[PDB]
Each structure stands twice: as structure tokens, then as C-alpha cells.
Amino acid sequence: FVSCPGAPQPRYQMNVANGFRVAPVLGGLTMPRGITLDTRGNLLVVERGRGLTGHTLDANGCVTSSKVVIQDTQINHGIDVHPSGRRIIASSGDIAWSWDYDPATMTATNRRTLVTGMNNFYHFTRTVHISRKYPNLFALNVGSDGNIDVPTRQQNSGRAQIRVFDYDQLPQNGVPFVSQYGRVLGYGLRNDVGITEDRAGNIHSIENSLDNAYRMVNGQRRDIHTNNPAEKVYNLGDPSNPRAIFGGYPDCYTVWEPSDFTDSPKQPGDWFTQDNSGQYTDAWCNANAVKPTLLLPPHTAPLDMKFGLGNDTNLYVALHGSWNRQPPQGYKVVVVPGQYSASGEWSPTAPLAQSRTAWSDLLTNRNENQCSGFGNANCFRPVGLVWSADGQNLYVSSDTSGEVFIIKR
């Protein structure tokens, strides 16, 4: 394999790990965000500002036709297909809806309002993940309204958190996100756009963390934002038994670079607070917040993640790239090694404190330090991931370049 019929050349140089090939399958798209495959293996793409588009594939995974499945200018990121193949869920910043779906024609009908009231203008994506282990359940993310959204200390804020809803008991008129119907799976999660599940059905989420981090040292604010805090994954466990795991936001953050803490011995993965004073101290965080399972580099902006299939026991993560770092970093897809327990729970191979060097590049730009999150990007910016059912093809969207790629084994 070299390329797909009729497909454009890539907008930017693209490097993929030895053993794989990459090529565009689509270009000229409108802000492609979340992507998935339906039960016929068709590609569905949220083109933010246009709607959900559907694309039939050939034997090589290349596109043979394109249509508009949902004509809607508000759906902005989230998409998932129910395991039955006959229902889809997609969301605006404010509302999650379902549609009846016919994969034979890629046709969505009978829009139904599920969950309401979620809008904010700061973190406005509403990731959807339908549980495969419990197909009546679905999770929705609402990120913080601001860098440091103090009300998110409370679950009932409705932000920086993931709730799980029982579709099969959901009122047909739909319900507010903050309601008894939305069981809090995790809160204190600043912006957890990527959500997936392991073979045991545990929900794993990944986070975009704090901007412009500082640390108070001797009553003076020390800028530590270049290399802190870490981006990070949480294992939120069983969505049929939600218990409101607290991830530490808006007070507690995760160390990436210990050297920045000149008066406090830290290791990667430890908690820190910016002021380390009052109630919400480093020690308070250790007693009251649950640690992540793995780290990724500051500001790299994970937006999706997916486990490998078949023989592959890795985690794959789309890093959209930074804006709040110089030089910039991310703008890639990475691989995190892991393993499954006897009952199917995924964990990383590296200990948390050793995880800074555990991950590897899969798909990269020419030079991440030449990319930018301000002005022209000069780079593709990964958003969404999905594996083909055979585990042989990994699709990757890039919103700002209008592209979807195929990575082929």
C-alpha cells in the first residue's frame, strides 16, 4: 500500500513508525473531529460546522463514497455508534441526541434529545462513549468553564466531570446533565475529551490540564508552566457502579518535571498545588484525590485514545498539540505500552513515576517545535482515532487541516 484512489496528497509531511504506512483518505473536510466506524466498517466523521458525514470504504480502507448523514451545524466533536449498529449518539456543546441509524444506507432519523444544559464556551466538546460491556449505558464529558473553574470542587457544578446515563430508562423528553439520571463517574477532571473502555468494561479517560501553572516559593510566584503539569489518564472503573472518583481539579495537579519544585521533593505523578496553602495543600490532595495511571507531556493536548485490537495491548493517543508552551509540542499520535489482567483490565506497563519515558511516537509531523497552536499551525493536529475491526488500520482525524488519514499495518 502506498495511497488511496482519488485521495489528496497530505498537507504536511507525515512520519509513521517503521512497519506502518500512512496516507490521507479524505481532505477538504470541515473541521473533522470525532471519528468512528459503524458495524459495516463505514467511516463516520463529525465535520464541525457541517454535520456528520459518512464514507463507504473499499477493501484497503480507502473511501469510495461520501454523504451527509446528519445535516447539523452544532454537533461539534462527540459521536458513537451503539453496539447493535442501529443507533448513533452525537452532541453539540449543549445537548446530546440519538438517532435511529441504518448502516445499509448511512441514514439517521428520528432525532431524540437525551441530555441538556451542558453548554459553556471554554471547553465545549461533549464526548460520547456508549458502554460495550453494558450497552444500555453511555458516558458524556463536560469540561471546565475556564482554566481554573472553582465551582467544580462540587459535583453539582456539572462541569469538569463525566456522567453515565441509562439510555433504556431515560425519560423520553431528555434530562439535564446535572440530574439523578447522570450518575457521576468522575469529577474534578478538567477536560477529559478522550474516553474509551477496556476489555473488562472499565472506562479510561484522558485529560487536558492546567495552563500557566505557577508554584509559590517564599511568597513569590514561580512560573513552572513550560514543563508542568502533566497530561494524564484516569481509570474510572466500572460505569455500572459509579462512585464519583475525584481527580483533583480545580486545586490539585500532577507533576511532570520535578526539578521545577525547588523547595519540595517531588516525583513525576505526585500531586502539587499552586499555592500550597490554606485547605488545599499538596498533602490534602494526596488524601482526597485519586491519581492518574500514566502521564503524557505537558500541554500536548490529548483528544482521543483507543486500545489496540487483536494481538496489540497498547494504548494509542491523539495529541492535538500545545498552545501554552514554548517551544510547542505534541501534534502526533503516540503509543503507551500496557497489559491486561486475567479479567481484561488494562494497565500501563510502566509505573506512574517512570511513565515520562514510557510512551513512543507513532505518527508525527516533521518537527513538533515548528508547529504552532497560535496562528497557522504548520502541522496536522490529531483529534480522533478509530481502529478497523481487524486491527489493521488506524484512522486519524486532523481538524485544522481538514484531513482524515489511514495508518496501515
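Note that residue numbering begins at 1 and tracks the sequence as displayed.
K.L.:
Would 282-290 or 259-267 have the larger average of its C-alpha temperature factors, as given in the entry?
P.N.:
Looking at the record's C-alpha B-factors, the answer is 259-267.
K.L.:
Comparing 217-225 with 77-85, which has the greater mean CA B-factor as deposited?
P.N.:
Result of the comparison: 217-225.
K.L.:
In this PDB entry, which of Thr105, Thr127, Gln161, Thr300 has the top CA B-factor?
P.N.:
That would be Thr105, according to the entry.
K.L.:
Which is it among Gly143, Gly174, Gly247, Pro250: the one with the largest CA B-factor in the entry?
P.N.:
Of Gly143, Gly174, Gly247, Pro250, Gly174 has the highest C-alpha B-factor.
K.L.:
Which third of the chain holds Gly186 when residues are ordered by C-alpha B factor: lowest, middle or highest?
P.N.:
Tercile = lowest for this residue's CA B-factor.
K.L.:
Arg111's Cα B-factor: lowest, middle or highest third of the chain?
P.N.:
Top third by C-alpha B-factor.
K.L.:
Would the CA B-factor of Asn202 place it in the lowest, middle or highest third of its chain?
P.N.:
According to the entry, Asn202 has a C-alpha B-factor in the chain's middle third.
K.L.:
Sort the modelled residues of this chain by their C-alpha B factor and say whether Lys133 lands in the lowest, middle or highest third.
P.N.:
Within its chain, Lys133 is a highest-third residue by C-alpha B-factor, going by the deposited values.
K.L.:
Divide the modelled residues of the chain into thirds by Cα B-factor and specify which third, lowest, middle or highest, holds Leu363.
P.N.:
Lowest third of the chain for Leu363's C-alpha B-factor.
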